[PDB]
């Protein structure tokens, strides 16, 4: 604890600064300011703050080994915090816009922002645009005279682009690639020939791992001026693997976790999603199951969903998950040893990250 309530207080000065800049510069009336205060809180708070705290943890590690003034430690911790929020604000940006795209109902127990009676799709879309816009003013204000700014903005811009690309990958995985046409309406795949592990990993990589694990870990280094004390390739590879597992957990939970516990009602089967469950099923199933899959997958009607959820329990997908989990634990622990070669404290910060995903 402690570091979290210190991360939460940094949110408050971000929120204050942004709304002050709006008032004193952007001619905002106290009412619209109020709207944007509630907007922020609803889309940014409520979560575990796990991605943002990751910047704080990596930064916190190096303080133990590195000699800094008291005022220096406080400067680094503060930047890790603004870095933390830059990310959660980038996520809240995507979440808001992803849910409108998907057509979601619940998220963290509460309705999706656009479903708020006095928001509407018309506003939420723009609110999303503002959320990411805010990540930039944070950067330009707080890190105005930091040597890591040009690097950090550049890392941020590319991470963002990666996420947007992966968002396209995700939303187009149910129709056939060769049939993709802006002028022809997109029909659902019948053959499911693009439900491979190679295409699946391609989706997850960009749509999640980059921003959920890469961005936070490297921002931790950036704020701590320790990018020189890691092999960057190594940092890259670990984040793509721990992040892949993160989404694989999501995919399973979706299908097999009560609405109350999940925070939402999962519709990947309805949405014809290219999930871990689907890909792994089709890498296991006999022709008779495959046919009973095609004839029932990607449909809204609960009875068709039952067939799929019934199939998965019989197809024993807890088996391959275990086998996947233990192959991940295998390669994650391998990379941490490799990390200890240049950066022992970063290695154990990555280690802390792994458990914090494995455990949850």
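Whichever C-alpha set is largest while still superposing within 1.5 Å between the two forms counts as the rigid core. Positions refer to the first chain, counted from 1.
- Displacement analysis by core superposition in 8 other deposited structures of this protein ranks 263-271 above the other of 202-210 and 263-271 in root-mean-square C-alpha distance from the shown form.
- Fitting each structure in 8 other deposited structures of this protein onto the rigid core and averaging C-alpha distances over structures and residues, 98-106 emerges as the more displaced of 98-106 and 211-219.
- Averaged over their C-alpha atoms, the temperature factors of 257-265 and 169-177 are higher for 257-265.
- When 130-138 is weighed against 181-189, 181-189 comes out higher, by mean CA B-factor as recorded in the entry.
- Sorting the modelled residues of the chain by their CA temperature factor places residue 42 in the lowest third.
- Among the modelled residues of its chain, residue 163 has a C-alpha B-factor that falls in the lowest third, as given in the PDB entry.
- Sorting the modelled residues of the chain by their CA temperature factor places residue 290 in the highest third.
- In this PDB entry, the Cα temperature factor of residue 88 sits in the bottom third of its chain's modelled residues, the lowest group.
- Sort the chain's modelled residues by C-alpha temperature factor and residue 251 lands in the highest third, per the entry.
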